[PDB]
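To start, the structure itself, in structure tokens.
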Amino acid sequence: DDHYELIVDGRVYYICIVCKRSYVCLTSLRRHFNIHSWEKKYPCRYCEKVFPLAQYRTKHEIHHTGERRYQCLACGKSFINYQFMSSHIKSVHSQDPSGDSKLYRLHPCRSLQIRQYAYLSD
DNA sequence: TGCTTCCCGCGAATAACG
DNA sequence: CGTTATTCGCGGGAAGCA
Ligand SMILES: [Cl-]
Ligand SMILES: [Zn+2]
Ligand SMILES: [Zn+2]
Ligand SMILES: [Zn+2]
């Protein structure tokens, strides 16, 4: 196979055969296991780099386009990702975006073609 | 030690299937 | 096209880096 299961207290866990990492969702183990197999490739469409997860490539490509999707709603500054946005708000505004903040806006991705969540443009 | 990347549960978007 | 199976964007913590 590619995993085995483990059950404690009815809780079902899926364990990677290779590194023994534990997953609550089989789809997550599948997502993860590509790291070992490289069955699927995700090549950057701007340079040579290849990635083993779709999202690693996506985040990498955002760096190529320089799009800044995360905007601080307190002062208007924009950031390329959640982490810089959160870092900013905690440091400059002494507030936490965690949970439902209403402190930042995530703009739709426009600088390349990725699946669009409807909630991002209402 | 302040960035930077890596990770995984969750659930919306969509591809596969019949 | 209707169901379901699959993909992968998202949050936000953890791990890595130099
Ligand atoms: Cl922008
Ligand atoms: Zn593994
Ligand atoms: Zn690239
Ligand atoms: Zn701000």
Side-chain angles (χ1 to χ4, degrees):
Chain A
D1 205 336
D2 67 329
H3 72 282
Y4 62 88
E5 303 179 8
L6 186 149
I7 311 175
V8 195
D9 318 315
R11 298 286 306 181
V12 170
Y13 304 96
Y14 309 99
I15 286 74
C16 181
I17 287 196
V18 166
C19 63
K20 315 145 199 147
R21 273 174 199 255
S22 152
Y23 298 93
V24 155
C25 311
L26 198 59
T27 62
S28 290
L29 175 139
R30 296 277 139 82
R31 172 169 59 189
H32 150 79
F33 192 78
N34 194 60
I35 283 169
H36 306 309
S37 64
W38 279 97
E39 152 149 334
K40 289 188 192 174
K41 274 93 177 185
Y42 305 88
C44 174
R45 325 140 200 264
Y46 301 88
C47 73
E48 67 288 342
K49 297 186 181 54
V50 176
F51 301 86
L53 260 69
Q55 77 171 69
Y56 296 175
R57 169 178 65 176
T58 296
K59 303 311 186 177
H60 167 75
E61 294 186 333
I62 274 294
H63 284 88
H64 278 287
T65 74
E67 173 169 16
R68 283 155 167 170
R69 297 179 58 203
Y70 290 79
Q71 184 175 24
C72 172
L73 287 184
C75 69
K77 274 211 177 60
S78 299
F79 305 87
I80 64 168
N81 62 33
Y82 182 102
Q83 287 84 3
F84 295 148
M85 171 281 298
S86 175
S87 202
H88 161 84
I89 290 182
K90 288 180 180 177
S91 169
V92 179
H93 299 306
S94 292
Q95 282 161 274
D96 183 16
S98 295
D100 175 26
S101 48
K102 199 182 168 185
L103 297 171
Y104 77 94
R105 175 171 317 165
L106 176 51
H107 294 284
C109 182
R110 68 188 175 184
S111 75
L112 41 89
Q113 307 227 304
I114 59 175
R115 156 220 294 160
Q116 306 275 321
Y117 284 117
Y119 84 90
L120 288 178
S121 53
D122 293 346

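Side chains included, hydrogens not; waters and symmetry mates left out as well; all remaining heavy atoms used. Throughout, a chain's letter reflects where its sequence line sits, starting with A, and its residues are numbered from 1.
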* Asked: Within this structure, what is the CE-to-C1' distance between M85(A) and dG12(C), rounded to whole angstrom?
  -> 9 Å
* **The single option from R69(A), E67(A), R68(A) passing side chain to side chain donor-acceptor pair (under 3.5 Å) against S111(A)** => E67(A)
* Looking only at side-chain N and O atoms, does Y70(A) come under 4.0 Å of OP1 or OP2 in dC10(C)? -> no
Listing time: all N or O pairs from protein to nucleotides 15-18 of chain C that are below 3.5 Å?
none

* Asked: Would you say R31(A) reaches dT6(C)'s phosphate, i.e. side-chain N/O to OP1/OP2 under 4.0 Å?
  -> no
* **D100(A) CG - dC10(C) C1' separation (whole Å)** => 14 Å
* To do: Could you pick out which residue, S22(A) or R115(A), lies toward the 5' side of DNA chain B when each is mapped onto its nearest nucleotide?
  => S22(A)
* So, is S86(A) near the phosphate of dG12(C), with a side-chain N or O under 4.0 Å from OP1 or OP2? -> no
* Asked: How would you label the contact of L53(A) with the nucleic acid (heavy atoms, under 4.0 Å): base, sugar-phosphate, or nothing?
  -> nothing
* Nearest-angstrom distance from the residue atom CD1 of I89(A) to P of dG12(C) -> 11 Å
* Remember a base hit wins even if backbone is also touched, and classify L26(A) as base, sugar-phosphate or nothing at under 4.0 Å, heavy atoms. => nothing
* To do: With DNA chain B as reference, determine whether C25(A) or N81(A) sits nearer its 5' end, using the nearest nucleotide of each.
  => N81(A)
* Asked: Which is true for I80(A) with a 4.0 Å heavy-atom rule: it touches a base, it touches only sugar-phosphate, or it touches nothing?
  -> nothing
* To do: Please work out if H63(A) contacts a base, only the sugar-phosphate, or nothing of the nucleic acid, heavy-atom cut-off 4.0 Å.
  => sugar-phosphate
Could you write out each protein N or O paired with an N or O of nucleotides 1-4 of chain C at a distance under 3.5 Å?
none

* To do: Let me know the distance between CD of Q83(A) and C1' of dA14(C), rounded to the nearest Å.
  => 11 Å
* To do: Give me the ring orientation class for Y14(A) and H3(A): parallel if the planes are under 30° apart, tilted from 30 to 60°, perpendicular past 60°.
  => perpendicular
* For DNA chain C, whose closest nucleotide is more 5', that of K59(A) or that of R30(A)? -> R30(A)
* Determine: side-chain N/O of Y42(A) to OP1/OP2 of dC8(C), distance under 4.0 Å, yes or no. => yes
* To do: Indicate the ring-plane relationship of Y82(A) and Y70(A), choosing parallel, tilted or perpendicular according to the 30° and 60° boundaries.
  => perpendicular
* To do: Determine the interplanar angle of the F33(A) and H36(A) rings, folded into 0 to 90°, and report it as parallel if under 30°, tilted if 30 to 60°, perpendicular if over 60°.
  => perpendicular
* Contact class for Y56(A) (heavy atom, under 4.0 Å): base, sugar-phosphate, or nothing? -> base
* To do: Would you grab the first and last nucleotide of DNA chain B (5' to 3') that comes under 4.0 Å of any non-hydrogen atom in chain A?
  => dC3(B) to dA13(B)
* Is there side-chain contact between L73(A) and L103(A), with heavy atoms separated by less than 4.5 Å? -> no
* May I ask you to say what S98(A) touches in the nucleic acid, namely base, sugar-phosphate or nothing, with a heavy-atom cut-off under 4.0 Å? => sugar-phosphate
* Asked: Rounded to whole angstroms, how far apart are CD on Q113(A) and P on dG9(C)?
  -> 13 Å
* Structure fact -> Here the distance between atom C1' of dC8(C) and atom CD1 of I114(A), to the nearest Å, is 10 Å
* Specify the separation, in whole Å, of atom CD of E67(A) and atom P of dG9(C). => 13 Å
* To do: Check the distance between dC8(C)'s P and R57(A)'s CZ and give it to me in whole angstrom.
  => 8 Å
* Do any N or O atoms from the side chain of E39(A) and from the backbone of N34(A) form a donor-acceptor pair under 3.5 angstrom? -> no
